[PDB]
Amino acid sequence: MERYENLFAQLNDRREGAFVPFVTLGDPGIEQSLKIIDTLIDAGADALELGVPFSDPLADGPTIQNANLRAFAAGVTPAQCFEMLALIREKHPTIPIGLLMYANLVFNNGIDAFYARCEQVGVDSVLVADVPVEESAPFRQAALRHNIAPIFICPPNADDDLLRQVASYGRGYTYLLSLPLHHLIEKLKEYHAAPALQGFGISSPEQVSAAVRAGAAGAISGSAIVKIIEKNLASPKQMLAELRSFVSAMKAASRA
């Protein structure tokens, strides 16, 4: 499919940025995670980033570590996540769905078979957190054979060589983690990279507008959503209320 390409062309026509929340699939359990995600979409998420619980998430901070722990406590498995993903795609035909994965869960039962399963359930992109571009070839190849965008992180400590490779090899969007912000954004455009989403510290509306003003296509809230989950474990009702309120505010901040 071309879900990201379509999304970005539509947002551009509306002079709007993308707002993209991250959650862990299955946190705090399957039924509640499904409602959480539907709430995110109803409240105006333009795309999703979705994590699959992994034992050793070595790229993630405490909030996400704790989300994984909550999903394992609930017995959530990758197979059950893939069941969830098929259901989510079936409810929502055009929203781009991106996974955040660790390499072992992709390599475990074969790289090709992993991406084939992504294609079957209707995922659009995969970011493998612990695969640098230097090691990415077999993941990118399998991704593209199955119509999945391989997503690469452009770190604060990026250099020009890395900008060129990330521009060349990534598809869908480029994951920015903040040579000033405006230089990175400009150079990525110069090298015809996938549109940049700012993923560093996006926890309030002002950061969403800042990201768009700097020339990024949008922003990814890496952990703020999960924090709202964490905060409201004991009242799933209010959890949903607070999620809707936050996402709506954040999406509003992306509008022309």
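Here, rigid core means the biggest group of C-alpha atoms that superpose within 1.5 Å across both forms. Residue numbers run from 1 along the displayed sequence.
Using the rigid core as the fitting frame, the root mean square C-alpha deviation in 8 other deposited structures of this protein is greater for 151 to 159 than for the other of 82 to 90 and 151 to 159. For the pair 59 to 67 and 37 to 45, rigid core superposition yields a higher RMS C-alpha distance in 8 other deposited structures of this protein in 59 to 67. Compared with other PDB entries of the same protein, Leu179 is missing from at least a third of those that resolve the residues around it. The stretch of deposited sequence separating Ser178 from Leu179 contains 10 or more residues lacking coordinates in this entry. Mean C-alpha B-factor is higher over 181 to 189 than over the other stretch, the pair under comparison being 80 to 88 and 181 to 189.
Remark: stretch with higher mean C-alpha B factor among 135 to 143 and 163 to 171 is 163 to 171. The entry lists C-alpha B-factors for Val52, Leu48, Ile229, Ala219, and the highest of these is at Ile229.
The deposited CA B-factor of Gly17 belongs to the middle third of values across its chain. Per the PDB record, residue ranking by Cα B-factor puts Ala73 in the highest third of the chain. The PDB entry assigns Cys154 a C-alpha temperature factor belonging to the middle third of its chain's modelled residues. Among the modelled residues of its chain, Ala211 has a C-alpha B-factor that falls in the middle third according to the deposited record. Annotation for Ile41: C-alpha temperature factor in the middle third relative to the rest of the modelled chain, per the entry.
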